[PDB]
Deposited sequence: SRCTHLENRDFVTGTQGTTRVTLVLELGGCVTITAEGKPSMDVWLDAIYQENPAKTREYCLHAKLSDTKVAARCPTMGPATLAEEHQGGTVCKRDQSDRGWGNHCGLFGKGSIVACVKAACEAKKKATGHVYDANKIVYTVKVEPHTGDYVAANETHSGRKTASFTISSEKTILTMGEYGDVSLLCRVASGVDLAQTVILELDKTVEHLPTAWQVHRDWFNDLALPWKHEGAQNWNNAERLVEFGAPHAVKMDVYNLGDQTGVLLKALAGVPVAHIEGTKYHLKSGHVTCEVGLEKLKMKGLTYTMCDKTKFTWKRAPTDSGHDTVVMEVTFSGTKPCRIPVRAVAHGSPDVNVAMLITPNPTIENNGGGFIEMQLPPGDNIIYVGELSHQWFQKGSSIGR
């Protein structure tokens, strides 16, 4: 699956400096090799953020205490309960018909109030997390044979590595997220985590609060009061909303949390590598035979807004795969945008291709091998 460095990808200076440009997409590998030196495998190993900050916590199922009521007769003042003016409570004030039937001197409306301590049922929280674009780590690894590690972030872009035989190598890597972080929120339950849209998450009609806060806001979204009955007032629990939520999350890309690491499954790093006094071994792929392809794995949803596929090649390896795509009715405009920097068929493997396509009806072409693909439009959620 590793690719070999191409001549066009590096420049050799007059004073002995060699500048190599690499594009490493998550799970992509490139093998670089200098004359008289062991081939090195370089690849972006992971992209993640350690425990990203918690934003809102939504209550999916309220937990109400027994109801507390307070009534007054048509002459005694207004009714009151300690619970009014306390956190974590939902209250309703009203008037009820009073008379001799219920211990009152006069006939008439009496002041009545009902409160309830509203908390969330254990394990019934939906917590949202936000990424800090500058805290997302992109880990690159270098290892002998066609072992060192270096991590970058938007803020940390330059490093120096000692690759033995290669000496001191300067690594300048421009990091790039495959997800629009600003518009993203990781929804988590106590599939338990999903990658949802900021706007969708913010408008969820549920009680909410920040971590640390003890009481909930808009608790009345799950707690309603009924009409008063002289000296009683019913309270309604709108029930558990987990079902409705899971139904809405159907099909939404899941978040991949490993321990405390919140992984992104899409993205890349493009680095400029600086080497001294040595000769890089180039290589220039030839175009693969346009007719010796077969679908090893037909185009399918990658699980993160992209299309992946695998082809099998019977021709002479290694070679560059000819990939292109068209939008139904426009056979002259290539609309395929590859995530895979250099799709190739090697001797050990290759044939994997990841790309982005315009929404609608498309036809993917790997040489003469074709296959149609429907790209759903963008949405923030149900």
No C-alpha coordinates means not modelled. Give me those stretches of the deposited sequence in order.
1, 148-159, 204-209
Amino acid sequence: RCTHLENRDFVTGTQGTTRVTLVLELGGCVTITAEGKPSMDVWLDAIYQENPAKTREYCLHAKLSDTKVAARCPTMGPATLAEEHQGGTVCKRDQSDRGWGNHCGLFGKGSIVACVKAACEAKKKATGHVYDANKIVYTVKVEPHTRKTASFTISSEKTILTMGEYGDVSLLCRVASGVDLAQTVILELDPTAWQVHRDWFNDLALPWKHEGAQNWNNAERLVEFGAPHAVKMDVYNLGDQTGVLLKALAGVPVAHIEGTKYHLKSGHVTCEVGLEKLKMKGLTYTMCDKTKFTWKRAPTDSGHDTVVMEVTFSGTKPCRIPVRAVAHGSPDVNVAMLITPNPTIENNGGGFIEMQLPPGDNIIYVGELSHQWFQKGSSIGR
From here on, numbers count along this sequence of modelled residues.
Take the C-alpha B-factors listed in the entry for 360-368 and for 18-26, compute each mean, and give the stretch with the larger one.
360-368
Quick check on the record: does 174-182 or 284-292 carry the larger mean Cα temperature factor?
284-292
For the CA B factor values reported in this entry, which option in 155, 241, 127, 162 has the top one?
162
Looking only at 257, 311, 169, 76, the Cα with the top B-factor belongs to 76
In terms of its chain's C-alpha B-factors, the third that includes residue 327 is the highest
Is the Cα B-factor recorded for residue 140 in the lowest, middle or highest third of its chain?
lowest
In terms of its chain's C-alpha B-factors, the third that includes residue 303 is the middle
Test of reading the entry: by CA B factor among the chain's modelled residues, which third contains residue 2?
highest
Of the three thirds of the chain ranked by Cα temperature factor, residue 85 occupies the highest
